[PDB]
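Each chain, letter by letter, is given below.
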Amino acid sequence: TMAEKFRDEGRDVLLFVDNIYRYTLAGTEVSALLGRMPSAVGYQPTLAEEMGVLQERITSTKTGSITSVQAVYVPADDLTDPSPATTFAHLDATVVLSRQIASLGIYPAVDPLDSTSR
Amino acid sequence: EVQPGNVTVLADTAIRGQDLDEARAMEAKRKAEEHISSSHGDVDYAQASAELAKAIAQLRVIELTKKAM
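> Just to check I follow, could you spell out the packing of helix α2 (residues 21-31) of chain A against helix α3 (residues 47-55) of chain A for this structure?
Helix packing for two helices is described by the angle between their axes and how far apart those axes are. All names here are of chain A. Running from N to C, α2 and α3 point in directions that differ by 140°, and their axes come no closer than 11 Å. When the interaxial angle is binned, α2 and α3 end up oblique. Considering how the two elements wind past one another, α2 and α3 form a crossing that is right-handed. Contacts from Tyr23, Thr24 and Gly27 of α2 reach α3 at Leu47, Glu50, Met51, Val53 and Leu54. Looking at the contact of α2 with α3 residue by residue, the class counts come to five nonpolar, two polar and one charged.

> Can you help me understand empty space enclosed by the protein in this one?
Regions of empty space are outlined by a rolling probe, equal in size to a water molecule, passed over the atoms. All names here are of chain A. Going through the model one piece at a time under the given rule, you end up with one cavity of 30 Å³ or more. When its volume is computed, the largest cavity comes out at roughly 40 Å³. Around the largest cavity sit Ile20, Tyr21, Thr24, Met51, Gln55, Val72, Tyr73, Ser83 and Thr87, which together line it. Of all elements in the fold, only α2, α3 and α4 (82-87) reach the threshold of two or more residues within the lining of the largest cavity. In the lining of the largest cavity, the residues fall into five nonpolar, four polar and no charged.

Cut-offs used in this document
Residues numbered from 1 in each chain as written, not as in the entry; some residues may be left out. Chains lettered and ligands numbered in written order. Part of a larger assembly, values for the part shown. Heavy atoms only, no water. Axes fitted to C-alpha atoms, helices over the stretch in contact; angles between N-to-C directions. Helix = DSSP H or I, 4+ residues; strand = E, 2+ residues; numbered from the N terminus. Parallel < 35°, antiparallel > 145°, perpendicular 65-115°, else oblique. Left-handed = near helix turned anticlockwise from the far one by under 90°. Contact = heavy atoms within 4.5 Å. Nonpolar A, V, L, I, M, F, W, Y, C, P; charged D, E, K, R; others polar. 1 Å grid on protein atoms, 1.4 Å probe; cavity = no way out; pocket = protein on both sides within 12 Å on 5 of 7 lines; lining within 4 Å. Points joined across faces, edges and corners; volume = space filled by probe spheres on them.

Printed below as a string of structure tokens:
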């Protein structure tokens, strides 16, 4: 919301989100208590909609632009877990870090065979 | 060579002359020049190597066990 305001004021903004995975982990923690049948790996049934309804409003527009960098934790280093898998579609440039490189002392540990950009 | 106490015959394996060794030398000049290479006769190593190449193909083990390398 604070970002959208500066955007609509005509300005251009930088939005850094430190870990967007926690936004869906907090949804998963609460889902079962809200009485909703679990889904693929225990995730809330509304995972993709909860994630889209946020990431669709963090965008640039004709009246201003938001430039955003988002860290995305992948659990158990499984790049196919539903939460990263459903997040991949919402980003223009995706940089994929890996433990097998960081264990070589090669920092930054970007994996050049998985990073891409529109 | 019959030395004082020991006579030794240094036989050779094949007939030798000049009409022949020159034929062999021309053939070798010819093989190198034509870029002709023959196969070895090791029908065992060939089968071993082929089974080893086929077993190791598309194995992708290192992408799967996270060996850092």
